[PDB]
Amino acid sequence: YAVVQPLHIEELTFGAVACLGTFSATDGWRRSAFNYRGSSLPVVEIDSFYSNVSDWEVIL
Amino acid sequence: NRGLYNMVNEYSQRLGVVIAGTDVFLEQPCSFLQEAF
Amino acid sequence: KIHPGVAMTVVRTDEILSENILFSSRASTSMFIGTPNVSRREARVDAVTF
Amino acid sequence: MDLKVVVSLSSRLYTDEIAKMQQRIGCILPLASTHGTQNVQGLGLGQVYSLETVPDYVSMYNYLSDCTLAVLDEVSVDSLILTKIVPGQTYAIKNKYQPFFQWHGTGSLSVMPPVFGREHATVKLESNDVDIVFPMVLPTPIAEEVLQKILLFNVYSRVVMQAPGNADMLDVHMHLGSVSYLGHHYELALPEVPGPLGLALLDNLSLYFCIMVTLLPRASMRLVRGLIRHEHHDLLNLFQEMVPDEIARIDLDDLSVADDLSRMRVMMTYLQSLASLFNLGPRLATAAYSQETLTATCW
Amino acid sequence: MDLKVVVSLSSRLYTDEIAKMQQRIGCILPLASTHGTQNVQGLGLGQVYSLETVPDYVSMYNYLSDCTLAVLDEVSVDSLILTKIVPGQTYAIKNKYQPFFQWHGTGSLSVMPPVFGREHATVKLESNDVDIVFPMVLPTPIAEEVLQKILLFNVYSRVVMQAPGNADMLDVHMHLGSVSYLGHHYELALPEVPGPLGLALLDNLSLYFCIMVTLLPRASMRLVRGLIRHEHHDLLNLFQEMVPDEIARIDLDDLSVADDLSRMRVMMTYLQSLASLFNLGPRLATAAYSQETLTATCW
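Chains as they are written, first to last, in the UniProt record's numbering: chain A, 305 to 364; chain B, 1284 to 1299, 1312 to 1332; chain C, 1037 to 1086; chain D, 1 to 299; chain E, 1 to 299.
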């Protein structure tokens, strides 16, 4: 919000949130690495997922 | 009026198709007969 | 207590609790009855409900 | 795992009545009773949308959200079989709404009261003397746009009736007529006249919207001036600048302390309830939709 | 497949108090964890609503949404048996809340912190050195009012100071302190010092209020400008034939729908985000009711 007087009204919105789904609580997640030739790429792995998508929700 | 005429003529012209049965109640005979005592 | 030039008719509905009779002839309606089914809800520690 | 609502018609349907309903084979219908056996009247929208009583938008909206939804399974003269809708289950829904709006896979469908005339939405049951009115089911990106234009148009159509100099009905028809979404353009027909006091299926939102919009600038500035404390939200100091200049200049002393609360207390109810209407109640998710077959596997 | 919970008391309860608990049968209460065996220190709402710390209601509300809900089922000298509430199941429920309300059929019920009474909400177990504080469930319409009754108070009390004016304090209390119901009046406990989570909640409102304030449409202003002086309704009685001076200052410029559409376009998005703030907790949808036995069938 340093410079807001140039753009009129459309730039107001900052971002959105959706909810990809619900997984097992009381278990958390785990750390692994991606397998590509390149390098580690530490990665978060969660089990027993249930995908329940939600529309985007604006935050500001 | 449709309800009364239907009770009468259905009973008559039946007994001699779907017999889907009309249900009959006595609670509001004033509503049926349009009379007030 | 002067009567204006127009008369009235009043209407009011009243409700009765009534006790009825029901006659039904012999062998009039036919019934077909099945065998029942059981199913147990999962175990509650002191009791089981079917 | 069995969900059925079997409706027993008191009297047999006409052949005309049958073909009228066969076209609404998979359309969603709200259900007043959850019991397996239900009266024909409960299922229609006719309870809230009637020739007898003025139709109000929130009356239908409040009705739709506190109402079970059901899908038509089989239509026979003797009885209706309706499949109940329950969260966590997948259903097969067909598109048959009279105002046609194209769907696409992976969209977010919406349920809303029919904006258009009752005849398109409703189906007369002359044999049983009831009217089953089907809610309008739409994709969300359109259901927002359609409600925005018809609501904005209503306030403009009344604005010129209060004063002829204010706005031109020509420009009002231009923007507000045509609805564009995803390369498809749909034209929506606006009511001919605003009416004396309340338009059919409109102004319930409008009266509330226009009062809430005027009660807002006085309230928003009152809230901040009392809200500033030593631990205030960091963003709070920032957006105090976002206000226009004149709204900043208000003096809270002019209104009496009895008024300020009642302006806020009156306003909060409109705002709290106003937000729900924008959401359009129940929201459906679609997985696979085939235009030739006109069937969506929704959940 | 099976949901249950037993709360094993360390020491046997007194013959007097076990009787008090059985009266609370069939009431919903919050449990910290879902397990076959649970401790009594995670059962009531007592930890977040103490006798020795100042009560914050917003904090209690946040806790309720997060925590699981269990329908109290059976009391013994040694045990409490409760059933955890899953997302998709039908559960019988009973009405036993001491600030008494009478529900209606198919009425959406909402769970709240015990705003009305600390004593009424909690049953004391002096045998096990604990108190179990049941949440208060309400029909949703009255619940939405009580939430607004609270949020206003944390602002008004701040705005009005008792030392400067004794009278001002009396007037604000009149609207917020008491909740009116059909032939009844209940007092709502108000924290003497308001420093709780609501101020944080308010900071989120004021961020939106400063935003929405800038994208207000003009045509919605003038319609109120004209309607108040020319016509009279129940809704516009709040504004007398007097009109607030700011609006005359803000609305001087002519009207263009295209500009208006952008503003109405923007406003819809922030009313959608804004609603999330309003619910502030769990909802129960009711499917039936028995007045004589005072029992619903929630879902």
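All C-beta atoms in this analysis are idealised placements derived from N, C-alpha and C, irrespective of residue type, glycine included.
(1) What distance in whole Å lies between the Cβ atoms of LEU109(D) and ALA70(D), which are believed to be in contact at a cut-off of 8 Å?
(2) Using a Cβ cut-off of 9 Å, which residues of the stretch 268-288 of chain E contact any Cβ in chain A, in chain order?
(3) Residues of chain D with CB under 8 Å from residue 353(E), in chain order?
(4) Identify the contact partners of residue 380(D) in chain E, using a Cβ-Cβ distance below 7 Å as the criterion.
(5) Considering only the beta carbon of each residue, do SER157(E) and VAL362(A) sit closer than 8 Å?
(6) Can you confirm whether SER262(E), when its beta carbon is compared against all beta carbons of chain A, has any partner nearer than 8 Å?
(7) What residues are listed by DSSP as bridge partners for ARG283(E)?
(8) Between which two residues does the beta strand (DSSP E) containing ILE28(D) stretch?
(9) Name the chain A residues that come within less than 9 Å of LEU72(E), Cβ to Cβ?
(10) From the DSSP output, which residues share a beta bridge with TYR181(E)?
(11) Quick test of your reading: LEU82(E) and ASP73(E), contact by CB under 8 Å. State the CB separation rounded to the nearest angstrom.
(12) At a Cβ threshold of 8 Å, is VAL1313(B) touching chain D?
(13) Along chain E, in chain order, which residues have C-beta atoms closer than 8 Å to that of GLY88(D)?
(14) What do you get for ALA167(E), buried or exposed, if any count of 16 or more other CB atoms within 10 angstroms of its CB means buried?
(15) Go ahead and pull the three-state DSSP assignment for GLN102(D).
(16) For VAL266(E), which residues in chain A fall below 9 Å Cβ to Cβ?
(17) Give a yes or no on whether 8 Å exceeds the smallest Cβ distance from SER108(D) to chain A.
(18) Identify every residue that forms a DSSP beta bridge with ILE81(E).
(19) If the cut is a Cβ gap below 8 Å, which residues of chain D does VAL357(A) touch?
(20) Taking one C-beta from the stretch 233-251 of chain E and one from the stretch 211-223 of chain E each time, how about it: are there three or more such pairs within less than 8 Å?
(21) Write down the C-beta distance between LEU199(E) and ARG263(E) rounded to the nearest angstrom, noting that I regard them as a contact closer than 8 Å.
(22) Can you tell me the Cβ-Cβ gap for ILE150(E) and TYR57(E), rounded? I've got them flagged as a contact below 8 Å.
(23) Jot down the residue ranges of each uninterrupted beta strand (DSSP E) in the stretch 110-141 of chain E, minimum 3 residues, whole runs only, in chain order.
(24) Mind checking whether residue 302(E) and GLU192(D) have CB atoms under 8 Å apart?
(25) So, is the C-beta of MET1(E) closer than 8 Å to a C-beta in chain C?
(26) Compute the Euclidean distance between the alpha carbons of residue 311(E) and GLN148(E), then round it to the nearest angstrom.
(27) Using the three-state DSSP reduction, which class does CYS67(D) fall into: helix, strand or coil?
(28) Mapping DSSP to helix, strand and coil, what is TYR97(D)?
(29) By Cβ distance below 7 Å, which residues in the same chain neighbour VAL40(E) in space, the five residues on each side in sequence not counted?
(30) Evaluate contact between the stretch 280-299 of chain D and the stretch 87-106 of chain D, counting only Cβ atoms and requiring at least three cross-stretch pairs below 8 Å.
(31) What residues from chain A crowd round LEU215(E), counting only those whose CB sits closer than 7 Å?
(32) Helix, strand or coil for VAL321(A), going by three-state DSSP, please let me know.
(33) Could you pull out every unbroken beta strand (DSSP E) segment of at least 3 residues lying fully inside the stretch 217-248 of chain D, listed in chain order?
(34) Taking residue 309(E) as the query, report the chain C residues whose CB atoms sit under 7 Å from its CB, ordered along the chain.
(35) Would you check if the distance between the CB atom of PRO87(D) and the CB atom of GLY88(E) is smaller than 8 Å?
Looking at the coordinates:
(1) As a first step, residue 70(D) is located in the fourth sequence; it is residue number 70 there, counting from the start. As a first step, residue 109(D) is located in the fourth sequence; it is residue number 109 there, counting from the start. Rounded, the Cβ-Cβ distance is 16 Å, inconsistent with contact.
(2) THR269, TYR270, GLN272, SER273 and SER276
(3) Chain E is shown from 1 up to 299; residue 353(E) falls before or after that span and cannot be answered.
(4) There is simply no residue 380(D) to check, as chain D begins at 1 and stops at 299 in what is shown.
(5) Numbered from its first residue, the fifth sequence carries residue 157(E) at position 157. Numbered from its first residue, the first sequence carries residue 362(A) at position 58. No, the Cβ-Cβ distance between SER157(E) and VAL362(A) is not below 8 Å.
(6) Residue mapping note: residue 262(E) aligns to position 262 of the fifth sequence, counting from 1. With 8 Å as the cut-off, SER262(E) counts as an interface residue toward chain A.
(7) Taking the first residue of the fifth sequence as position 1, residue 283(E) is located at position 283. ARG283(E) is bridged to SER110(E).
(8) Numbered from its first residue, the fourth sequence carries residue 28(D) at position 28. Unbroken beta strand (DSSP E) run through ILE28(D): 28-31.
(9) The count along the fifth sequence starts at 1 and reaches residue 72(E) at position 72. The contacting residues do not exist; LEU72(E) stays about 23 Å from chain A at best.
(10) For the purposes of this step, residue 181(E) is taken as the residue at position 181 of the fifth sequence. DSSP, once it has assigned bridges, lists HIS184(E) as partnering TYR181(E).
(11) Position 82 of the fifth sequence holds residue 82(E). Position 73 of the fifth sequence holds residue 73(E). Yes, they are in contact, since the Cβ atoms of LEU82(E) and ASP73(E) sit about 6 Å apart, within 8 Å.
(12) Here residue 1313(B) refers to the residue found at position 18 of the second sequence. Interface residue, yes.
(13) Residue 88(D) sits at position 88 when you count from the first residue of the fourth sequence. Within chain E, the residues near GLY88(D) are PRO87 and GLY88.
(14) Here residue 167(E) refers to the residue found at position 167 when the fifth sequence is read from its first residue. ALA167(E) is exposed by the Cβ-count criterion.
(15) Locating residue 102(D) in the fourth sequence gives position 102, where the first residue counts as 1. Three-state DSSP puts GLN102(D) in coil, outside helix and strand.
(16) On the fifth sequence, residue 266(E) is found 266 positions in, with the first residue counted as 1. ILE313, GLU314, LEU316 and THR317, listed in chain order.
(17) Within the fourth sequence, the letter at position 108 stands for residue 108(D). For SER108(D), the answer is yes, since a Cβ of chain A falls inside 8 Å of its Cβ.
(18) To locate residue 81(E), count along the fifth sequence from 1; it is residue 81. DSSP output for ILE81(E) lists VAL6(E) and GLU74(E) as bridge partner(s).
(19) As a first step, residue 357(A) is located in the first sequence; it is residue number 53 there, counting from the start. The answer, in chain order, is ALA285.
(20) yes
(21) Locating residue 199(E) in the fifth sequence gives position 199, where the first residue counts as 1. Locating residue 263(E) in the fifth sequence gives position 263, where the first residue counts as 1. Their Cβ separation, rounded to whole angstroms, is 30 Å, which puts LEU199(E) and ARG263(E) out of contact at 8 Å.
(22) As a working note, residue 150(E) is residue 150 in the fifth sequence. As a working note, residue 57(E) is residue 57 in the fifth sequence. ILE150(E) to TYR57(E), Cβ: 6 Å. Contact.
(23) 122-125, 130-133 and 136-139
(24) Outside the displayed span of chain E (1 to 299) sits residue 302(E), for which this structure offers no information.
(25) Residue numbering aside, residue 1(E) sits at position 1 when the fifth sequence is read from its first letter. So yes, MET1(E) belongs to the interface.
(26) With chain E running from 1 to 299 in the structure shown, residue 311(E) is simply not present.
(27) The residue labelled residue 67(D) in the question sits at position 67 within the fourth sequence. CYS67(D) falls in the coil class under three-state DSSP.
(28) Within the fourth sequence, the letter at position 97 stands for residue 97(D). Looking at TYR97(D) - three-state DSSP - the assignment turns out to be coil, as it is neither helix nor strand.
(29) In the fifth sequence, counting from the first residue as 1, residue 40(E) sits at position 40. Cβ neighbours of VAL40(E) beyond the five flanking positions: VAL7, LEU9, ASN128 and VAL130.
(30) yes
(31) Here residue 215(E) corresponds to residue number 215 of the fifth sequence, with the count starting at 1. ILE313, listed in chain order.
(32) By one-based count along the first sequence, residue 321(A) stands at place 17. In the structure shown, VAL321(A) sits in a strand (DSSP, three-state: E or B).
(33) none
(34) Any answer about residue 309(E) is impossible in this case: the structure gives chain E only from 1 up to 299.
(35) Position 87 of the fourth sequence, counted from the first residue, corresponds to residue 87(D). Position 88 of the fifth sequence, counted from the first residue, corresponds to residue 88(E). Contact flag set, yes.
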